[PDB]
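Structure 1 and structure 2 below are two forms of the same protein chain, each written out on its own as structure tokens.
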Structure 1
């Protein structure tokens, strides 16, 4: 099983866990833990029933980190060690910092200097971009920076909206990626992936391999009863196989080109029967029939539909009103697609930099409490969405998926943030409707500024500071 892999890479698996949780730590300190864990494992191979060996492999990791001589004082995390094992795991999670400018620029030494610079990335990923980093003659950064962004974006969602929206996300994700799948199958594969994100986000490295491998087992076991593009991925070795399936393209779709949720007369009953399944089923069926849409849109629609029935199943002749839920989608969808086209012309009528400067002003205008480097970063992640996939088929399926990531960054990953009462309302309200929430924000009315007085980053920093300074002015002035 995977159980072998975890013991084989224990050196790495410990390094990552530590490095992420405590980014401020040295490599000297990493070796100290590595030995304790290695020796600990051998004692668990020296006795099957040893009291320390009935313990879970992360609440061992964090107990040693805390036990380690004056380490919590030297990296300000003593308050995490003064908590019960569960509260301590959550604390250690809150301890992980995303804005890592306080560190210097730049296997075991690499995994240290990645993990502590990329703390929220999943273990499977890092270990894959070690095997997929073991080169011979002198790129890959592109892949890692992307895989962090979606993992942070979900572990964001999980924190703020609990363990319900993450399901809906991964129904829309997997149903769109694997249309040939069946509901009862996929819904199980989701309550695996959802239960995986519980441990991967919290930072439980060891589980994030177990539950990740369990998920890839769950796919490959129904290989040609799910997909036909990941055939050579299931022949790859842990955890390449993990990131192979994830990195692959969406399945070719069946011969079927639905209206049970609209046409039927007992929709309220099937909704009242078991809501979250009924909705889960609606997101399943609508997703697999729309592989040219965004993940945020496939939730916006499901939410809108949940709102439609909520207003419908409380009136004489229910169906009459939810008859054209189908048409109400093709409306709100085509509006959103055309709205992407309106900003993909602003791109042509400015270019990378020209648009970059537009957003930075805007992004700062609405959220000027943020850091200049924080606001700068988003401005490049935002323009990356338009850089690629904003002049081709499914240009909406991307720019929406990709722009949504930059608001998760803004709203924070592992903290309930206080930016301004409006940006806060866009973050801590609804996951689906945060992009349109942000799109509808004017200048931060309530803001009291402080004093002030590469080249591309330098330019941006200047603009963001210039905007923060002259915040009482308008978009066209500052340009």
Structure 2
């Protein structure tokens, strides 16, 4: 079929993505040798379909070929994976991925003129190396996403190579491609992390909630059928099985498209498009309009006297149906808010169905939902007002202080990333009509990044408790945490807190990132201080920086005018 053709056609690209994600230390020369092995396997299976290995799991084939490369498992420290076979080997390979890609060099940027020359002379080589470099730095991003990203990156290179000011074009036009990649990455890590911590049974409520919001005219049975396809799709994609991921993604899009009528109205130009665009499209299409005849409630869950019986006959399906009906009627709610509501409903019924008069007790379920949602909504409203008052940077500094207090054991680079990701929820969403849904959806992804994808991280006991107990209530849990008062920092050199003359300028993100790192390191150093004292000290340093840039020889200015943060005898290090 078309999917098998797409895979056969793109086998070189597919192989690079898989190899680079699994073995992020592997060199580009090493990639080329695996490419030749998989092309050959592809040709062999075409010559002889009934041969044994031609019906094996795709990952089992790829991992066999990687493990067969002389000295490679030992060179990149994955010999322990190759000493296992089949499922145990697949699991080991999955555990081998590293979220922290700081062991890699800075992304190798080509000279714009040579990049353009390379694009015209050797296009396959350029895209091959791009895809290698992207995949090893984004080990959990799903293949259809990465291939779409490569396509868009190619359109950027093609268009910008025709312009006079090539550098400005490349830098500008790359921004939304990067944002796409980072948005999908965050979302995929969130779902995969949840799958590993809690299993498919808790997690497929996520897909019921999202699909029911997006396709509110769908029938329950068809939704459940689609949810089964989606859950399988996440199983393979979360594993890292690139071939199975592509196949299962194509199945989901075909399932959706082959019932366009009786699912959706707003996906026609998507059901035209190519693999894998037709599906990155469907994912980006907006929510279909609710059936005009859909009221705000379903009295079948609060007004019927059959609730406890329906629940008892099949609790999983009963709660799936609740999630379907409630989600499709509340397009304004976030996914985490819907899952909190499902849990509250489940807890409510545990109590009510064992009381003297259950119908009199569960009749008031919507009052419980109303209170919990009002609390969430008020919190978002407060955070959005704070954003309006302080701007992006000002709010970010408050988050950096709070996050560093609560999770000081994280690297500064990580804390800085988490702070930027947190503030982006507010810059993207505040003031929109679905502000609540947008903010809570995007904010929740931060704690998904924090809690880990293929590891149960051990940060500190309070953070670990929030990561591992209760997906839907994870953000509220994090909001309740106090500073970790057991923390004692390592020494920090005085140079971490020294402003250098080269930093005086107008810049986008590297100068932003330097300021952000300063604040985080300061908070680690002075963790004992109150948030207000830290904010005050930081604004002192900020004021001094601003003046000294407007001074000529800015660095002598900084050292005479900056506040001191050392204990009396400290010159080289601060403790």
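Positions refer to the first chain, counted from 1. Think of the rigid core as the biggest set of C-alphas that the two forms share within 1.5 Å after superposition.
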After superposing the two forms on their rigid core, pick out the one entry in 161, 359, 133, 278 with a CA shift of 2 Å or more between the two structures. 133
Is_shifted residue 54 between the two structures (CA, 2 Å cut-off, rigid core): yes
By how many angstrom does residue 330 shift at its CA between the two structures when the core is held fixed? 2.1
Taking the rigid core as fixed, quantify in angstrom how much the C-alpha of residue 145 shifts between the two structures. 0.7
For residue 311, what C-alpha shift in Å results between the two structures following superposition on the rigid core? 1.1
